[PDB]
Amino acid sequence: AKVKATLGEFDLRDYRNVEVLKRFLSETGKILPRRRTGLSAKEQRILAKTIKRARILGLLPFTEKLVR
Amino acid sequence: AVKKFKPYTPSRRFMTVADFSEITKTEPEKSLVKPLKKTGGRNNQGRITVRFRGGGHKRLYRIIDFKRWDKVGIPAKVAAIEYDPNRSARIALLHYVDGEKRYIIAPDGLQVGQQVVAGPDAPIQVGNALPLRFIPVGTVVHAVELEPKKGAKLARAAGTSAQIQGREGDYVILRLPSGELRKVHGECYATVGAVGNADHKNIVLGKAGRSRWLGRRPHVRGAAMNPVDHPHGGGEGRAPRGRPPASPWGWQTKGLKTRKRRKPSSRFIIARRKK
Amino acid sequence: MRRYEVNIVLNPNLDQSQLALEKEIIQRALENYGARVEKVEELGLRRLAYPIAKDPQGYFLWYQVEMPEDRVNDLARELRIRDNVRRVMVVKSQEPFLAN
Amino acid sequence: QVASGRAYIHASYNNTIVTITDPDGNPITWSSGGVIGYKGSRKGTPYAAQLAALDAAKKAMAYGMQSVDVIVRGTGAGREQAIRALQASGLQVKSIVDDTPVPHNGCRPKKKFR
Amino acid sequence: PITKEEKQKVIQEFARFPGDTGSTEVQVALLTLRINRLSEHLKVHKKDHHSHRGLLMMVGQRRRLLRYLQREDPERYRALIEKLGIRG
RNA sequence: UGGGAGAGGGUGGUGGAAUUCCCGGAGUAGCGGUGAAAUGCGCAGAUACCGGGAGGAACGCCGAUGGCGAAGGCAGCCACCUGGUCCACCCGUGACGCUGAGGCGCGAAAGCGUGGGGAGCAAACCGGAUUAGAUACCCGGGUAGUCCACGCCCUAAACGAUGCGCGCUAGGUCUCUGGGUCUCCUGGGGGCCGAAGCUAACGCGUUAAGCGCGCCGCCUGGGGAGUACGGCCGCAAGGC
Ligand SMILES: [Mg+2]
Ligand SMILES: [Mg+2]
Ligand SMILES: [Mg+2]
Ligand SMILES: [Mg+2]
Ligand SMILES: [Mg+2]
Ligand SMILES: [Mg+2]
Ligand SMILES: [Mg+2]
Ligand SMILES: [Mg+2]
Ligand SMILES: [Mg+2]
Ligand SMILES: [Mg+2]
Ligand SMILES: [Mg+2]
Ligand SMILES: [Mg+2]
Ligand SMILES: [Mg+2]
Ligand SMILES: [Mg+2]
Ligand SMILES: [Mg+2]
Ligand SMILES: [Mg+2]
Ligand SMILES: [Mg+2]
Ligand SMILES: [Mg+2]
Ligand SMILES: [Mg+2]
Ligand SMILES: [Mg+2]
Ligand SMILES: [Mg+2]
Ligand SMILES: [Mg+2]
Ligand SMILES: [Mg+2]
Ligand SMILES: [Mg+2]
Ligand SMILES: [Mg+2]
Ligand SMILES: [Mg+2]
Ligand SMILES: [Mg+2]
Ligand SMILES: [Mg+2]
Ligand SMILES: [Mg+2]
Ligand SMILES: [Mg+2]
Ligand SMILES: [Mg+2]
Ligand SMILES: [Mg+2]
Ligand SMILES: [Mg+2]
Ligand SMILES: [Mg+2]
Ligand SMILES: [Mg+2]
Ligand SMILES: [Mg+2]
Ligand SMILES: [Mg+2]
Ligand SMILES: [Mg+2]
Ligand SMILES: [Mg+2]
Ligand SMILES: [Mg+2]
Ligand SMILES: [Mg+2]
Ligand SMILES: [Mg+2]
Ligand SMILES: [Mg+2]
Ligand SMILES: [Mg+2]
Ligand SMILES: [Mg+2]
Ligand SMILES: [Mg+2]
Ligand SMILES: [Mg+2]
Ligand SMILES: [Mg+2]
Ligand SMILES: [Mg+2]
Ligand SMILES: [Mg+2]
Ligand SMILES: [Mg+2]
Ligand SMILES: [Mg+2]
Ligand SMILES: [Mg+2]
Ligand SMILES: [Mg+2]
Ligand SMILES: [Mg+2]
Ligand SMILES: [Mg+2]
Ligand SMILES: [Mg+2]
Ligand SMILES: [Mg+2]
Ligand SMILES: [Mg+2]
Ligand SMILES: [Mg+2]
Ligand SMILES: [Mg+2]
Ligand SMILES: [Mg+2]
Ligand SMILES: [Mg+2]
Ligand SMILES: [Mg+2]
Ligand SMILES: [Mg+2]
Ligand SMILES: [Mg+2]
Ligand SMILES: [Mg+2]
Ligand SMILES: [Mg+2]
Ligand SMILES: [Mg+2]
Ligand SMILES: [Mg+2]
Ligand SMILES: [Mg+2]
Ligand SMILES: [Mg+2]
Ligand SMILES: [Mg+2]
Ligand SMILES: [Mg+2]
Ligand SMILES: [Mg+2]
Ligand SMILES: [Mg+2]
Ligand SMILES: [Mg+2]
Ligand SMILES: [Mg+2]
Ligand SMILES: [Mg+2]
Ligand SMILES: [Mg+2]
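Numbers given for residues start from 1 on each chain and follow the written sequence, which can depart from the numbering in the entry; residues without coordinates are excluded. Going through the entries in the order they are written, you letter the chains from A and number the ligands from 1. Any value mentioned applies to the visible chains, which represent part of a larger assembly rather than the whole. As a convention, hydrogens and water are excluded, and side-chain values are obtained from all of the structure's heavy atoms. Residues with missing side-chain atoms are left out of burial classes, side-chain pairs and their counts.

This entry lists X-ray crystallography as its structure determination method and reports a resolution of 2.9000 Å.

Chain E appears in the PDB entry as 30S ribosomal protein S15 from Thermus thermophilus. The title line of the PDB record says "Crystal structure of the Metalnikowin I antimicrobial peptide bound to the Thermus thermophilus 70S ribosome". UniProt positions are given in the numbering used here, feature names are shortened, and annotations may be inferred rather than shown by experiment. Looking at the Subunit heading of the UniProt record, one finds this comment for chain E: "Part of the 30S ribosomal subunit. Forms a bridge to the 50S subunit in the 70S ribosome, contacting the 23S rRNA." Per UniProt, chain E has the following entry under Sequence similarities: "Belongs to the universal ribosomal protein uS15 family."

Under the PDB entry, the name given to chain D is 30S ribosomal protein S11, and the organism recorded is Thermus thermophilus. Check the Function section of the UniProt entry for chain D; it says "Located on the upper part of the platform of the 30S subunit, where it bridges several disparate RNA helices of the 16S rRNA. Forms part of the Shine-Dalgarno cleft in the 70S ribosome, where it interacts both with the Shine-Dalgarno helix and mRNA." Check the Sequence similarities section of the UniProt entry for chain D; it says "Belongs to the universal ribosomal protein uS11 family."

All names here are of chain B. Just to be clear on terms, a salt bridge is a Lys or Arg side-chain nitrogen sitting within 4 Å of an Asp or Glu carboxyl oxygen. One pass over the structure, following the stated rule, counts 30 salt bridges over all chains. Among the salt bridges present, the one from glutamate 168 reaches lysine 183, with a minimum N-O distance of 2.9 Å. Here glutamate 168 is found in strand 13 (residues 162–168), whereas its partner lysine 183 is found in strand 15 (residues 181–185), with 15 residues between them in sequence. Throughout this description, buried means an accessible area under 20% of the type-specific maximum (1.4 Å probe, protein chains only), exposed means over 50%, and partly exposed covers the range between. Overall, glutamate 168 belongs to the partly exposed group, its relative accessible area being 41%. When its relative accessible area of 18% is taken as the criterion, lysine 183 is described as buried. Secondary structure elements follow DSSP: runs of H or I of four or more residues count as helices, runs of E of two or more count as strands, with numbering from the N terminus.

Moving on to unusual backbone geometry. If you check the backbone angles, B:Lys275 has positive phi at about 90° while not being a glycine. Structurally, B:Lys275 can be placed in the segment after strand 17 (269–271). One non-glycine residue, D:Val93, lies in positive phi territory at about 55°.

Attention shifts here to helix 3 (residues 41–57) of chain A. Compared with an ideal rise of 1.5 Å per residue, which puts 17 residues at 24 Å, helix 3 of chain A spans 25 Å between its outermost C-alpha atoms and is within 8% of the ideal. Among all positions of helix 3 of chain A, only A:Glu43, A:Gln44, A:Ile46, A:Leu47, A:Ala48, A:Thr50, A:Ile51, A:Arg53, A:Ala54, A:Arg55 and A:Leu57 are buried. Where helix 3 of chain A is buried, its residues meet helix 1 (18–21) and helix 2 (34–37) of chain A together with strand 1 (2–10), strand 3 (59–67), strand 4 (85–92) and strand 5 (98–99) of chain C. Downstream of helix 3 of chain A by a residue or two, A:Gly58 has a phi angle that is positive, lying close to 105°. Helix span, expected: 1.5 Å multiplied by one less than the number of residues in the helix. Contact between two residues is taken to exist if any of their heavy atoms lie within 4.5 Å; hydrogens are not considered.

Structure (structure tokens):
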């Protein structure tokens, strides 16, 4: 179920693309590991950097309560 | 910077003086000075009502503009920054475009050549005066009025400032230089910035004489006196206090609060001072 | 001159004239700081992931610009000053890094 | 008297406290290992959390409580058992959300935690 | 930073013949440009020790080149430092 | 000349999580803490829960057997200033190189001066336990300090216990970052396993502890002792 797969061409430096980005967060808000995103080193780093910008902007959350 | 001295006499060893680096004009504006009536600490009865004062350098009083809401919208150029013997802060010479000249206390950062202004629409920049209700919460501010139109009373000493912490109805809430938290009225003027000459506190007088120049006459311990004079007086040899340490007039002086209890402004002071 | 992408968030409970007004302060400043506007994209209201100024929503602006390197910082300050401006974030502009 | 509400479970290694609140969040009642009768470390146990959540839900029902939302903070040994008990109580449990507080590396912990 | 343009002017200003890059002269002159900027930068960021090391390295480098150039052709050296205001 | 990666450094801004305290609300008999407890806190209304506020400090996930730096070391995000370094092109200089006694700079923590700052933590210190005792370990408190600016100190298991540069001597697998004709090849880093060889052994092995040249530093039985004396440095502690 690797996330990089379930998407087309997309931008890792694109911090406003909330719809793409939010898929890389666990349901608890955490940036997901490489085992679940399927990114390389290089890409995964830009992923993290832009998710981080995004939360600053209001677009992505910093944390989410876990439901059952 | 404070200025040091080589120990070429015993006192120069620890004496430090201000650097006066900000000073650009070494003579007061003749129409803005007036004589200071030196008091000695004596009141109108002739009686000393404040001890140990007298004998300092002569001074001309520089008339300061602690209102400022007096000339809303009329900008002025900062002509010079000058020495003012009546306060720790330096003072700034204002040339209003009007042609009127006034002094203000010089905020840290004020540059000669620059422009300042007062009123509800003044830019939130250093040197400008506005009612408190128009100043962004969080900004640090000085020369604050305590009641509308009554003149700057808060944060005037070298290096001081208050910071606006938030608002509440007709009032804003300031943190005073003491750390006291107080509601001041929103309509009160305040000038953005802190007061300048912040190194003032690091000056070391260095010798008995320099206090003497400041008009501060020697201060004498109750212990060095006799019982007619002071609660601590007398006793054979040196003596410990032998009672709770007191003022010449007998009131206790380590800890006893003294602010009047039922005072109307209590309603407006949110938190007494720190530390 | 270098390219940056100014992001701005405004009070979501303004009327359209207040908002136009803020934009006027904003556009003056961009110009005053020698910013030359290029693209511009006003997606307006949009729900936030968390509250900013104790309020679930934000009014989003965005301006690809070209300005003097020195003035970018001072501008962000002048941008942030207004009690209605709730975030500014001025990012050095960059070439998209593509996946898939 | 209120129909729907909240149940918070504070589960630490030492105890379980359960307080039931109204919809706006204000407590109607609370209970804990101590309230149900234990002192010391026994308070920390799963049986402790059970009696606690029951007594908390029992007290809530007599104020009309019927459906609750369950909020869980802690990783104590009384945690999961505390939830069991709320379900089996006679209360609805529309949800179970974990809002355990964790810092994004904040204050330095006490020494026991390093 | 230094602008590519400013680099050229210097490269051009110093070059021994048209296409010249990396002769001793150009080498020394380009260094002097990075030197003086760092020197300046450090005047404000006195607490930037890491960059200061680099400064030292460059100063070192420029020095070797200058010693080489002085060995091979005094006139060219004397003129170079006179043109860049260097030995103190 | 064109490109790259990165917690490399400095300045300025700035975001959310948590803790603490204050304010409001609601609520009652305990909370907390341990191996178990007690001190402590709590009917003068604590704990737990909601909303508001203040403040300092550190930046969860990403995060790695990862990266960057000469080392110490460096981690939210943003911009500015700035160093190192690698690649590709094979364009320029024409041995301009290596090392380096002295010198100069940098140098974790603790410590020190002046002034800030102080939420959490916590030497000293108070008290509770444990115990034969318990100046400890564990529990409740707690001041320096931890944080900032500027100036000092100059140590270390400052470690790879491995000085720097160059050349030469099988490969296998993992990884980071470039350039390719992109299966695969070629650089520069970081790990493992190993040819030859080394080595007292343990182990090292193209990141040599192998085979060689250059330069530097250092060792010469254990203790006494990194002490004494002298000298130089330091505000002191103390350092050499
Ligand atoms: Mg002196
Ligand atoms: Mg002198
Ligand atoms: Mg001197
Ligand atoms: Mg003398
Ligand atoms: Mg003397
Ligand atoms: Mg001055
Ligand atoms: Mg000065
Ligand atoms: Mg005169
Ligand atoms: Mg006259
Ligand atoms: Mg006259
Ligand atoms: Mg007078
Ligand atoms: Mg009279
Ligand atoms: Mg008379
Ligand atoms: Mg008389
Ligand atoms: Mg008196
Ligand atoms: Mg007197
Ligand atoms: Mg003065
Ligand atoms: Mg002075
Ligand atoms: Mg003093
Ligand atoms: Mg005087
Ligand atoms: Mg005195
Ligand atoms: Mg005296
Ligand atoms: Mg006496
Ligand atoms: Mg006597
Ligand atoms: Mg008498
Ligand atoms: Mg008497
Ligand atoms: Mg008496
Ligand atoms: Mg006496
Ligand atoms: Mg006596
Ligand atoms: Mg006596
Ligand atoms: Mg006697
Ligand atoms: Mg005696
Ligand atoms: Mg006597
Ligand atoms: Mg006595
Ligand atoms: Mg006494
Ligand atoms: Mg007595
Ligand atoms: Mg009053
Ligand atoms: Mg704002
Ligand atoms: Mg317990
Ligand atoms: Mg170099
Ligand atoms: Mg030379
Ligand atoms: Mg309360
Ligand atoms: Mg709260
Ligand atoms: Mg590593
Ligand atoms: Mg060639
Ligand atoms: Mg060397
Ligand atoms: Mg040396
Ligand atoms: Mg150090
Ligand atoms: Mg330290
Ligand atoms: Mg210290
Ligand atoms: Mg001490
Ligand atoms: Mg200190
Ligand atoms: Mg201090
Ligand atoms: Mg004890
Ligand atoms: Mg005992
Ligand atoms: Mg003890
Ligand atoms: Mg303790
Ligand atoms: Mg503590
Ligand atoms: Mg405390
Ligand atoms: Mg001290
Ligand atoms: Mg190590
Ligand atoms: Mg090494
Ligand atoms: Mg050693
Ligand atoms: Mg050894
Ligand atoms: Mg060496
Ligand atoms: Mg050797
Ligand atoms: Mg490769
Ligand atoms: Mg490639
Ligand atoms: Mg490295
Ligand atoms: Mg390799
Ligand atoms: Mg091996
Ligand atoms: Mg073999
Ligand atoms: Mg190999
Ligand atoms: Mg050997
Ligand atoms: Mg010996
Ligand atoms: Mg011997
Ligand atoms: Mg010694
Ligand atoms: Mg020693
Ligand atoms: Mg000695
Ligand atoms: Mg040594």
